[PDB]
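Structure below is target01.txt: compact mmCIF, C-alpha atoms.
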# COMPACT_ATOMS: atom_id res chain seq x y z
CA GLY A 1 -19.39 -0.20 -0.59
CA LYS A 2 -16.64 0.49 1.94
CA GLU A 3 -13.35 -0.05 0.08
CA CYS A 4 -12.15 -2.14 3.07
CA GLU A 5 -13.46 -4.24 5.98
CA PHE A 6 -12.53 -4.73 9.63
CA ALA A 7 -12.38 -7.97 11.62
CA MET A 8 -10.49 -9.17 14.72
CA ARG A 9 -8.66 -12.47 14.12
CA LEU A 10 -5.78 -14.55 15.50
CA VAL A 11 -2.41 -14.44 13.73
CA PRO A 12 -0.84 -17.94 13.61
CA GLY A 13 2.39 -16.68 15.17
CA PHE A 14 0.25 -14.97 17.81
CA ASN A 15 -1.76 -18.23 18.06
CA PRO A 16 -0.55 -18.34 20.78
CA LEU A 17 2.00 -15.54 21.20
CA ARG A 18 5.21 -16.45 23.02
CA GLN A 19 7.54 -13.98 24.69
CA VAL A 20 10.67 -14.70 26.70
CA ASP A 21 12.42 -12.81 29.49
CA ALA A 22 15.82 -13.03 31.10
CA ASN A 23 16.54 -16.37 32.83
CA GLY A 24 14.34 -18.13 30.28
CA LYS A 25 10.80 -18.00 31.70
CA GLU A 26 8.16 -17.57 29.01
CA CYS A 27 4.66 -16.09 28.86
CA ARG A 28 2.29 -17.39 26.17
CA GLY A 29 -1.24 -16.56 25.12
CA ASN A 30 -3.53 -15.93 22.16
CA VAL A 31 -3.59 -12.30 21.02
CA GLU A 32 -6.23 -11.03 18.60
CA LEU A 33 -4.97 -8.52 16.04
CA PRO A 34 -6.97 -5.98 14.01
CA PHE A 35 -7.30 -7.06 10.37
CA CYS A 36 -8.20 -4.70 7.52
CA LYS A 37 -8.94 -6.28 4.14
CA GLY A 38 -10.63 -5.07 0.98
CA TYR A 39 -10.15 -3.63 -2.50
CA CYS A 40 -8.62 -0.14 -2.62
CA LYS A 41 -8.83 1.81 -5.87
CA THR A 42 -5.30 2.02 -7.26
CA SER A 43 -3.75 3.37 -10.43
CA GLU A 44 -0.43 3.83 -12.23
CA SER A 45 0.00 6.46 -14.92
CA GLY A 46 2.82 7.80 -17.04
CA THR A 47 3.87 11.42 -16.62
CA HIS A 48 6.34 14.01 -17.86
CA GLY A 49 9.86 14.41 -16.54
CA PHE A 50 11.21 12.34 -13.65
CA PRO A 51 10.01 10.04 -12.20
CA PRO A 52 8.07 8.95 -15.32
CA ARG A 53 5.59 6.89 -13.25
CA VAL A 54 2.93 7.95 -10.75
CA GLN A 55 1.37 5.37 -8.41
CA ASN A 56 -1.91 6.09 -6.65
CA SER A 57 -1.25 2.94 -4.63
CA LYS A 58 -3.38 2.37 -1.54
CA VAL A 59 -3.97 -0.53 0.86
CA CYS A 60 -6.51 -1.34 3.56
CA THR A 61 -5.07 0.18 6.74
CA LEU A 62 -6.80 0.61 10.07
CA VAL A 63 -7.67 3.93 11.70
CA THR A 64 -5.62 3.88 14.90
CA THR A 65 -7.67 5.56 17.64
CA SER A 66 -6.22 3.92 20.78
CA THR A 67 -3.69 1.41 22.09
CA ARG A 68 -4.51 -2.05 23.43
CA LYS A 69 -2.61 -3.83 26.22
CA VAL A 70 -3.36 -7.54 25.92
CA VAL A 71 -1.69 -9.73 28.53
CA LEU A 72 -0.50 -13.32 28.31
CA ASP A 73 -2.23 -15.89 30.53
CA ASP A 74 -0.14 -19.07 30.70
CA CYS A 75 2.84 -17.32 32.30
CA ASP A 76 6.00 -18.87 33.66
CA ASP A 77 7.05 -17.48 37.02
CA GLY A 78 9.34 -14.48 37.32
CA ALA A 79 8.01 -12.60 34.29
CA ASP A 80 9.93 -9.34 34.51
CA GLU A 81 10.20 -6.09 32.60
CA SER A 82 9.16 -6.68 29.01
CA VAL A 83 6.45 -9.32 29.31
CA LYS A 84 3.14 -10.35 30.89
CA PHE A 85 1.74 -7.74 28.47
CA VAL A 86 2.09 -6.34 24.95
CA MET A 87 0.94 -3.15 23.23
CA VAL A 88 -1.25 -3.24 20.11
CA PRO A 89 -2.62 -0.23 18.17
CA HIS A 90 -6.40 -0.47 18.03
CA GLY A 91 -9.27 1.04 16.09
CA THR A 92 -12.70 0.31 14.68
CA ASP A 93 -12.63 1.10 10.94
CA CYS A 94 -10.47 0.67 7.85
CA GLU A 95 -9.45 3.21 5.22
CA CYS A 96 -7.38 3.24 2.04
CA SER A 97 -3.91 4.52 2.94
CA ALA A 98 -0.42 4.44 1.43
CA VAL A 99 1.36 4.67 4.80
CA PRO A 100 1.84 0.86 4.92
CA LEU A 101 3.82 1.31 1.68
CA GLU A 102 6.37 3.85 2.98
CA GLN A 103 7.89 2.24 6.11
CA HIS A 104 9.74 -0.49 4.17
CA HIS A 105 12.53 -0.39 6.79
CA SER A 106 13.15 3.31 6.11
CA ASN B 5 -11.91 -11.03 -7.73
CA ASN B 6 -9.68 -8.05 -8.63
CA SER B 7 -9.97 -5.61 -11.55
CA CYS B 8 -7.46 -3.37 -13.35
CA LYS B 9 -8.52 -1.70 -16.60
CA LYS B 10 -6.77 0.30 -19.30
CA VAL B 11 -8.37 3.73 -19.75
CA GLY B 12 -7.87 6.22 -22.57
CA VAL B 13 -6.90 9.74 -21.49
CA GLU B 14 -6.93 12.92 -23.57
CA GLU B 15 -4.51 15.47 -22.10
CA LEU B 16 -4.24 19.07 -23.30
CA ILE B 17 -0.91 20.88 -23.10
CA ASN B 18 -1.67 24.59 -22.69
CA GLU B 19 1.74 26.18 -22.17
CA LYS B 20 2.04 29.93 -22.68
CA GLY B 21 4.27 30.51 -25.69
CA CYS B 22 4.01 27.01 -27.16
CA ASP B 23 1.29 25.79 -29.49
CA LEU B 24 -1.73 24.03 -28.00
CA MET B 25 -1.26 20.33 -28.63
CA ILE B 26 -3.33 17.35 -27.45
CA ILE B 27 -1.95 13.94 -26.46
CA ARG B 28 -3.78 10.61 -26.16
CA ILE B 29 -2.34 8.28 -23.50
CA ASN B 30 -3.51 5.21 -21.59
CA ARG B 31 -3.47 4.72 -17.82
CA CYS B 32 -4.31 1.85 -15.49
CA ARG B 33 -7.20 2.14 -13.04
CA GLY B 34 -8.85 -0.52 -10.93
CA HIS B 35 -9.49 -2.21 -7.61
CA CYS B 36 -7.16 -4.92 -6.30
CA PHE B 37 -7.24 -6.93 -3.09
CA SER B 38 -5.10 -6.13 -0.06
CA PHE B 39 -4.96 -6.75 3.68
CA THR B 40 -2.80 -5.20 6.39
CA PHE B 41 -2.40 -5.67 10.12
CA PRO B 42 -0.21 -3.97 12.74
CA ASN B 43 2.41 -6.54 13.71
CA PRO B 44 3.60 -5.58 17.23
CA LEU B 45 6.17 -8.39 17.32
CA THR B 46 7.89 -6.53 14.47
CA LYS B 47 6.38 -3.22 15.70
CA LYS B 48 5.38 -2.24 12.15
CA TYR B 49 2.74 -3.10 9.55
CA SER B 50 2.45 -6.50 7.89
CA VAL B 51 1.05 -5.97 4.38
CA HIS B 52 -0.13 -8.36 1.67
CA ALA B 53 -1.37 -6.12 -1.10
CA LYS B 54 -2.24 -5.89 -4.79
CA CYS B 55 -2.23 -2.67 -6.82
CA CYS B 56 -3.42 -2.01 -10.37
CA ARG B 57 -0.17 -1.26 -12.22
CA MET B 58 1.31 -1.27 -15.72
CA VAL B 59 3.11 -4.51 -16.51
CA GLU B 60 4.36 -3.17 -19.85
CA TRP B 61 4.30 0.32 -21.32
CA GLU B 62 5.63 2.29 -24.28
CA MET B 63 7.24 5.72 -24.28
CA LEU B 64 5.51 8.42 -26.32
CA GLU B 65 7.61 11.28 -27.69
CA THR B 66 6.21 14.49 -29.11
CA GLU B 67 7.52 17.89 -30.11
CA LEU B 68 6.11 20.95 -28.39
CA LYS B 69 6.30 23.82 -30.89
CA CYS B 70 7.42 26.69 -28.65
CA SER B 71 8.18 30.21 -29.83
CA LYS B 72 11.58 30.24 -28.07
CA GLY B 73 12.71 26.71 -28.90
CA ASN B 74 10.86 23.50 -29.72
CA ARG B 75 10.86 20.90 -26.95
CA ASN B 76 10.80 17.09 -26.91
CA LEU B 77 8.39 15.47 -24.44
CA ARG B 78 8.41 11.83 -23.30
CA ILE B 79 5.42 10.05 -21.74
CA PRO B 80 4.81 6.38 -20.89
CA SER B 81 1.54 4.92 -22.16
CA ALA B 82 0.04 1.70 -20.85
CA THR B 83 -0.25 -1.48 -22.92
CA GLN B 84 -1.26 -4.10 -20.35
CA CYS B 85 -2.78 -3.32 -16.95
CA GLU B 86 -2.85 -5.87 -14.14
CA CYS B 87 -3.05 -6.25 -10.38
CA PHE B 88 0.53 -6.78 -9.20
CA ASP B 89 2.70 -6.22 -6.13
CA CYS B 90 2.57 -2.58 -5.06
CA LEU B 91 6.25 -2.66 -4.07
CA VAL B 92 7.81 -3.86 -7.34

Conversion result in structure tokens:
Amino acid sequence: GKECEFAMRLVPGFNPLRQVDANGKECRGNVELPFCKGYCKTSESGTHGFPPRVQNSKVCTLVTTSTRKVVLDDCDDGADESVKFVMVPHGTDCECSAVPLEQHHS
Amino acid sequence: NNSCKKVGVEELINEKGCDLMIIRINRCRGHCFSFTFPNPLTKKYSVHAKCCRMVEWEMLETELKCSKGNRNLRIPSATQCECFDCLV
């Protein structure tokens, strides 16, 4: 079976999402996020030399194929530059990838 | 659910000049649970992941009988395999 699984859900912080502008007017609204979950085959093995460990570590990532602009409904007036909208990478399938393991604030 | 098994591995060292010598090691292999979502508020990925890793191991030394100088090789071998944080 597919080593992952895809499903749109609502993150609690994004349930509903709040975003503020200058002069303190806020736009809120639920924002569904793409969720990839599953069981990726992983392994750790000892090797020669340095580093002595090798990690075939993989997590359920999504296959980004587009970008989604959700907007926020319940908007306070004067919503300016940054808000009324937000950009979310979007796809339709999940794969086992180690990219979510490299960007630890690098 | 999860699963992370210890597996025996026979590895053959075939270095030109040095004697052919086999080594029996153990490695971890399995399927652990993980889920990831692109967090645009932080503009990165939010990960909550398990990976089948070695919690404890044991270094294995061996001499490699080479014609131009014997060598000393060091390899870790698994003792307990388990699904643990991928980042630690």

(request) Show me which bits of chain B are within 7 Å of chain A, counting only C-alpha atoms, as a PyMOL selection string. (result) chain B and resi 31-41+44+49+51+53+55-58+78-81+90

(request) Quick one: pull the distance between atom CA of residue 75 of chain A and atom CA of residue 45 of chain B, Å, one decimal. (result) 17.8 Å

(message) Please compute the atom CA of residue 61 of chain B-atom CA of residue 11 of chain B distance, one decimal, in Å.
(response)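 So the two atoms, atom CA of residue 61 of chain B and atom CA of residue 11 of chain B, lie 13.2 Å apart.
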
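Checking B:75, B:42, B:63, B:8 one by one against residue 67 of chain A, counting only C-alpha atoms, you find the shortest gap at B:42.
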
(request) Would you mind reading off the distance between atom CA of residue 70 of chain A and atom CA of residue 97 of chain A, one decimal, in Å? (result)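 Those two atoms sit 26.0 Å apart.
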
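Between residue 22 of chain A and the candidates A:80, A:51, A:106, A:74, the tightest atom-to-atom separation, counting all atoms listed in the file, involves A:80.
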
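Nearest to residue 93 of chain A of all the residues A:81, A:73, A:30, A:2 is A:2, counting only C-alpha atoms.
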
Please identify all polymer residues within 10 Å of segment 18-20 of chain B, counting all atoms listed in the file, omitting same-chain residues fewer than 3 positions from it, and present them as a compact mmCIF listing (two decimals) with C-alpha atoms, in the frame of the given file.
# COMPACT_ATOMS: atom_id res chain seq x y z
CA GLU B 15 -4.51 15.47 -22.10
CA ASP B 23 1.29 25.79 -29.49
CA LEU B 24 -1.73 24.03 -28.00
CA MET B 25 -1.26 20.33 -28.63
CA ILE B 26 -3.33 17.35 -27.45
CA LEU B 68 6.11 20.95 -28.39
CA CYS B 70 7.42 26.69 -28.65
CA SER B 71 8.18 30.21 -29.83

Return as AutoDock Vina command-line options the centre and edge lengths, in Å with one decimal, of the box along x, y and z that encloses every atom of segment 91-103 of chain A in the file, padded by 3 Å per side.
--center_x -2.4 --center_y 2.5 --center_z 8.8 --size_x 26.6 --size_y 10.4 --size_z 20.7

My structure is short of atoms at segment 56-70 of chain B; please model N, CA and C atoms there, returning them as a PDB file, keeping the file's coordinate frame.
ATOM      1  N   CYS B  56      -3.258  -2.023  -8.917  1.00  0.00           N
ATOM      2  CA  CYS B  56      -3.420  -2.010 -10.370  1.00  0.00           C
ATOM      3  C   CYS B  56      -2.280  -1.204 -10.984  1.00  0.00           C
ATOM      4  N   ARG B  57      -1.362  -1.886 -11.669  1.00  0.00           N
ATOM      5  CA  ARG B  57      -0.170  -1.260 -12.220  1.00  0.00           C
ATOM      6  C   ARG B  57      -0.024  -1.639 -13.695  1.00  0.00           C
ATOM      7  N   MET B  58       0.942  -0.990 -14.341  1.00  0.00           N
ATOM      8  CA  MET B  58       1.310  -1.270 -15.720  1.00  0.00           C
ATOM      9  C   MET B  58       2.348  -2.378 -15.758  1.00  0.00           C
ATOM     10  N   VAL B  59       2.063  -3.503 -16.416  1.00  0.00           N
ATOM     11  CA  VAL B  59       3.110  -4.510 -16.510  1.00  0.00           C
ATOM     12  C   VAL B  59       4.077  -4.173 -17.639  1.00  0.00           C
ATOM     13  N   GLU B  60       3.556  -3.630 -18.736  1.00  0.00           N
ATOM     14  CA  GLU B  60       4.360  -3.170 -19.850  1.00  0.00           C
ATOM     15  C   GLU B  60       3.817  -1.830 -20.324  1.00  0.00           C
ATOM     16  N   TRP B  61       4.715  -0.965 -20.784  1.00  0.00           N
ATOM     17  CA  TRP B  61       4.300   0.320 -21.320  1.00  0.00           C
ATOM     18  C   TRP B  61       5.152   0.629 -22.552  1.00  0.00           C
ATOM     19  N   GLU B  62       5.079   1.883 -22.993  1.00  0.00           N
ATOM     20  CA  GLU B  62       5.630   2.290 -24.280  1.00  0.00           C
ATOM     21  C   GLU B  62       5.764   3.804 -24.282  1.00  0.00           C
ATOM     22  N   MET B  63       6.998   4.289 -24.377  1.00  0.00           N
ATOM     23  CA  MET B  63       7.240   5.720 -24.280  1.00  0.00           C
ATOM     24  C   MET B  63       6.681   6.433 -25.500  1.00  0.00           C
ATOM     25  N   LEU B  64       6.098   7.604 -25.271  1.00  0.00           N
ATOM     26  CA  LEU B  64       5.510   8.420 -26.320  1.00  0.00           C
ATOM     27  C   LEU B  64       6.254   9.750 -26.363  1.00  0.00           C
ATOM     28  N   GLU B  65       6.960   9.998 -27.459  1.00  0.00           N
ATOM     29  CA  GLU B  65       7.610  11.280 -27.690  1.00  0.00           C
ATOM     30  C   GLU B  65       6.705  12.197 -28.489  1.00  0.00           C
ATOM     31  N   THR B  66       6.913  13.499 -28.309  1.00  0.00           N
ATOM     32  CA  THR B  66       6.210  14.490 -29.110  1.00  0.00           C
ATOM     33  C   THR B  66       6.993  15.797 -29.056  1.00  0.00           C
ATOM     34  N   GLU B  67       6.960  16.548 -30.151  1.00  0.00           N
ATOM     35  CA  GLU B  67       7.520  17.890 -30.110  1.00  0.00           C
ATOM     36  C   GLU B  67       6.473  18.864 -29.604  1.00  0.00           C
ATOM     37  N   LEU B  68       6.921  19.815 -28.806  1.00  0.00           N
ATOM     38  CA  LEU B  68       6.110  20.950 -28.390  1.00  0.00           C
ATOM     39  C   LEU B  68       6.654  22.175 -29.110  1.00  0.00           C
ATOM     40  N   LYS B  69       5.887  22.675 -30.081  1.00  0.00           N
ATOM     41  CA  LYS B  69       6.300  23.820 -30.890  1.00  0.00           C
ATOM     42  C   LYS B  69       6.237  25.103 -30.076  1.00  0.00           C
ATOM     43  N   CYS B  70       7.346  25.474 -29.449  1.00  0.00           N
ATOM     44  CA  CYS B  70       7.420  26.690 -28.650  1.00  0.00           C
ATOM     45  C   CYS B  70       8.034  27.817 -29.470  1.00  0.00           C
TER      46      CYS B  70
END
